[PDB]
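Working notes, beginning with the structure itself.
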Amino acid sequence: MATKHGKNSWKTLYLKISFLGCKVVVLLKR
Numbered sequence: 001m002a003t004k005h006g007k008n009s010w011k012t013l014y015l016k017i018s019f020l021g022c023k024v025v026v027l028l029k030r
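Going by PDB author numbering, 21 is the number at position 21 of the sequence shown; the sequence numbering is gapless.
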């Protein structure tokens, strides 16, 4: 339910983005 063209519900997507962004730093090394 995050697909609203970055409208409100994105933050719910966003902290996921902040999380996996940090985890997809990992998979570069690992």
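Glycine is no exception: its CB is placed at the ideal position from the N, C-alpha and C atoms.
In angstroms, rounded to a whole number, what distance separates the CA positions of residue i and residue j?
i	j	result
residue 23	residue 15	12 angstroms
residue 9	residue 17	13 angstroms
residue 1	residue 25	26 angstroms
residue 5	residue 12	13 angstroms
residue 7	residue 27	30 angstroms
Determine the DSSP secondary structure at residue i, reduced to helix, strand or coil.
i	result
residue 25	coil
residue 9	coil
residue 16	helix
Taking 9 angstroms as the threshold (beta carbon to beta carbon), is residue i in contact with chain D?
i	result
residue 5	The structure shown has no chain D; it contains just one protein chain.
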